[PDB]
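Only one chain is given next, in structure tokens, and it is the form deposited in one PDB entry.
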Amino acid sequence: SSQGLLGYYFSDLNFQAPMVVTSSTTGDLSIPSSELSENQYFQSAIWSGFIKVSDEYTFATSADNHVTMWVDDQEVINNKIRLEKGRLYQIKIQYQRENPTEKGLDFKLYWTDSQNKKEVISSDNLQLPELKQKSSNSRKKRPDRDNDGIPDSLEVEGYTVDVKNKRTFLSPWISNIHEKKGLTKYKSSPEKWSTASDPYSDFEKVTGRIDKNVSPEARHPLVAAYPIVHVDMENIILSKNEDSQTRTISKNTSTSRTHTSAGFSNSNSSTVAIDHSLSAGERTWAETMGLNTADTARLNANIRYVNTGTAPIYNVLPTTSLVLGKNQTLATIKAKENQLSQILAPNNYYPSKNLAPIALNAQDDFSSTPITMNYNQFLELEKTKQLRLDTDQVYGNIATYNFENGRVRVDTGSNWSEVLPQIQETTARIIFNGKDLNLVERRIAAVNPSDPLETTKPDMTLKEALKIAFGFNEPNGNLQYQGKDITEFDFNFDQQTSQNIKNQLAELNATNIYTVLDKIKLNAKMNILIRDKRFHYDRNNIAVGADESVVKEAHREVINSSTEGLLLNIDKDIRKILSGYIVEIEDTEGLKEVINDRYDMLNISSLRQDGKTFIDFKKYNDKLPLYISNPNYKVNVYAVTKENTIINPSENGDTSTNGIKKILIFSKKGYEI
């Protein structure tokens, strides 16, 4: 399907000004004009590839007088010649006619065997040229300095790819034509086989000869294809270390990928929040588990892997540490190499969500290691109610397109450990939480002034990178992420890159960046950060708050209400930074009665299967609705955001909601309900 030969077609006479770059699967190297105006006249054209077969052959084309043909560097056209079953031969073909009266080029390629069967060279005996930074022992490689297949001028001057029903075209970019048609205009360094410096050529990327599992956005030459993994623990379950009654504490967790300032760190970490709610009694966990001073405890949890990246992993999963406190590693989760039941795809889990999560200590695994804590680690644990999950960047082997057989395959000689150094070396990183408020990294090829090779890649402008990498557009002129204006998110950098940007603005006589993004330029090693303005973000850049206005507003559209609970319409996004609600009744004088006056009893919201939110007033009022012994009493519901979420009885022990900073979001009389 992606096999055959590779044609350059120049409008000029000498392979100087390339019009179309394409491939035919059989011998017929034609191109109907039905597939292309003042430029549709090729005065020269080249064709490159190999050939496999045993017999005595004679090559003939439909123009043995405009052509030259070499098989393994020997001339054959400007006569019979022997070939052998099970060997490949280079194949170069040139063409030149001085004033082609027609548009396009009709040109087939024949071969006649010994029985005299002449014909066009089947697609089964035709293979591409080995466009790859290195030569195989079967195939060798030789206006394509980086050898990626896309001709130099084209890679410098821009090029587009029209996806015809058989094969693809690669042609110069033209404003009047493709600009209206909305075809994506490409550019890329002619001296990088791959410009985002990853493992797919600038050629494989645009022509679809690439691991299908790679992100559509990373199909761009300047958008970097590479994995990004983190471990999403989904919940947890604690035991006393060794015939007594089941004495454990099972609780959900919430895990978010993190980035600590922007900061030049390339690590993969995420941070677990063990739920602090109510699971009968206000017992300490040792009181809940019969743990003594000199006891031990052990941990278990279902965890999935998360690729928030653009390339996929195949045979080796990255090794995690379960750290507690700042640096106390309780465990080291490993997966069994070259044995991955499935692949882990970008924007996707392993095990898939339709399947089970991994348990740290799987059912019948006799070699699963006890994750143990001493006593003061266990207190420590309850105190902080949180564990971190650092994950290396050993990702194993890569699925590289094979040219000879036009098939994508895991390739043993190509490892992700030999590529990340340079991706992260010669690209500028961006981190955006615009999607479901999660930190999502990406990287874009950007000029490295103090490095001559990185000054051969096209310029990358802020406005552009957002569009190629993250999919902004400008439907009416203003730049947008799936609805939201680019002004809705803020810009953080790290320090060197901040200075850098600052400087540029003074130069453009600009005072506001949002209105000069197109003019801002991106250099390699830049780190950038972009977060929805509506929110407060902790030191790990996770969303953990909001304005009192943002929240109150969010909850303003109430649907129904009753002495049994509120039924609102709240944004999935707001709903992500809320940790619970408080319910109280205000008598006529001003006293307040707290229906659920505990720090682990605030979990009374439950998202319906219809998208709306219901606030179960009954859940902690003893399954009873609310009793209002005077209609002029008010029913007041505050909201509590994660940043003001108490998770342990105060210093004096008071386990009430007393003191908790919360937000009034609903108030009505007994008679207003």
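Residue positions are given as counts along the sequence shown, with the first one as 1. Heads up, when I say rigid core I mean the largest set of C-alphas that superpose within 1.5 Å between the two forms.
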Considering only other entries where residues before and after it are modelled, is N302 without coordinates in at least a third? no
In at least one third of the other PDB entries compared, is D494 left unmodelled? no
Taking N78 and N79 as adjacent modelled residues, how many residues of the deposited sequence between them have no coordinates (none, 1 to 3, 4 to 9, 10 or more)? 4 to 9
Of the deposited residues between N492 and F493, the number without coordinates is none
Stretch with the higher entry mean CA B-factor, where the candidates are 130-138 and 191-199: 130-138
Comparing mean C-alpha B factor in the record for 477-485 and 160-168, the higher one is 160-168
Per the entry, which of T384, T310, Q328, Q96 tops the list for Cα B factor? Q96
Highest CA B factor of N397, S175, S254, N147, as deposited, is found at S175
If you rank every modelled residue in this chain by C-alpha B factor, which third holds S48: lowest, middle or highest? middle
Among the modelled residues of its chain, does the C-alpha B-factor of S34 lie in the lowest, middle or highest third? highest
Looking at the entry's B-factor column for C-alpha atoms only, identify whether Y41 ranks in the lowest, middle or highest third of its chain. highest
Could you tell me which third, lowest, middle or highest, the C-alpha B-factor of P449 occupies within its chain? middle
Looking at the temperature factor on the CA atom of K612, which third of the chain's modelled residues does it land in? highest
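There is also a form deposited in another entry; it is not shown, and the following applies to it.
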Among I343, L508, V163, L453, which is the residue that shifts its C-alpha 2 Å or more between this form and the one not shown, core superposed? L453
Taking the rigid core as reference, does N621 move its C-alpha 2 Å or further between this form and the one not shown? yes
Relative to the superposed rigid core, does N644 relocate between this form and the one not shown - that is, does its Cα move 2 Å or more? no
